[PDB]
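Coming up is one lone chain in structure tokens, specifically the form deposited in one PDB entry.
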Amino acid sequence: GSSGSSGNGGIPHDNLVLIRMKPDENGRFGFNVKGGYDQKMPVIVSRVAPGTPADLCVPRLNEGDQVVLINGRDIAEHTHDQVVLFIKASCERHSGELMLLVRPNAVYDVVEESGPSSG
């Protein structure tokens, strides 16, 4: 091991989930989003396909993960078109990775359904 000897940082008080992943050869991901300042609505994942750097990475980006920020940027005042482009931009610069701060969805999930016997 060499070419290192560097380490400094500090996670935010908040306890949100951070997504760590890298762009593909061409620079494309496997996770789609929807919403934005345009629709005065938050940007939440819509669909996630397999064999992608967004489904294999950890923590895996599952449906529902609402993106609060990107690489430490307020992508709230940016319309879909803008946001979509923002993420791509990262590609341009090598030094750096694709980080997405998503908030978890804590909620009890209980289901039950039984049926009698015709007889």
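Numbers follow the displayed sequence, beginning with 1.
Keep in mind the form deposited with a partner chain bound is missing from the figure; the text below concerns it.
Although the partner is absent from this view, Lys34 contacts its partner chain in the bound PDB entry, with a non-hydrogen atom inside 4.5 angstroms. Mapping the unseen interface onto this chain, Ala76 falls outside it, with no heavy atom inside 4.5 Å of its partner chain in the bound PDB entry. In the bound PDB entry, at least one heavy atom of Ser46 sits within 4.5 Å of a heavy atom of its partner chain. Shown alone here, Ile87 lies within 4.5 Å of its partner chain in the bound PDB entry, counting heavy atoms only.
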